[PDB]
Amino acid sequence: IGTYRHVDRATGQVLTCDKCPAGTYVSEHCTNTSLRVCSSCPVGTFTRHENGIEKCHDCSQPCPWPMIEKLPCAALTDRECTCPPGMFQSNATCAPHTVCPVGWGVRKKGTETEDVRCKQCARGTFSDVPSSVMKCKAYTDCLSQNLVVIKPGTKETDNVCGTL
């Protein structure tokens, strides 16, 4: 743990005190005969690193709905807001991800900051359900199934497998 210089009120001595760890602040500086005392950051406040400060930092305002906290206001961290899962941030607030329709599939997973990117299923794959998450699935292999392709598949359906 590191140190900081402090000027002693009563004597004018420049002391070398021990820093307080992240999550605490200095509630009593060291003097020529006693060590500095650290206290924990009160509710509502934080300090990110080992410090010598006298009051902890204030946490930001609460997250504006529909945003939620991916980090809380705690001793060591300011609160951090995010759009909840299945939404992404655009301008002001939160929009739901694109839902890829049947016959399309996710090419790029949507994130808290970018929307999902869809592509039409390529030949040999299909997607049969609307989803903002699912990829195009490859057809069931009929050859390696001991069966044959009764009905071909489409970008929306699997091929159907059987005999004769």
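Residue indices: 1-based, along the sequence shown.
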Do the CA atoms of 13 to 21 or those of 149 to 157 have the higher mean B-factor in the entry?
-> 149 to 157
Please work out which of 51 to 59 and 23 to 31 has the higher mean CA B-factor as recorded in the PDB entry.
-> 51 to 59
If you compare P130, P66, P96, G110, which has the highest Cα B-factor in the entry?
-> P66
Should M87 be placed in the lowest, middle or highest third of its chain by the C-alpha B factor in the entry?
-> middle
Using the B-factor values recorded in the entry, state whether the Cα atom of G105 falls in the lowest, middle or highest third among the modelled residues of its chain.
-> lowest
Ordered by C-alpha B-factor within the chain, which third holds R123? Give me lowest, middle or highest, please.
-> highest
Sorting the chain's CA B-factors, does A75 end up in the lowest, middle or highest third?
-> middle
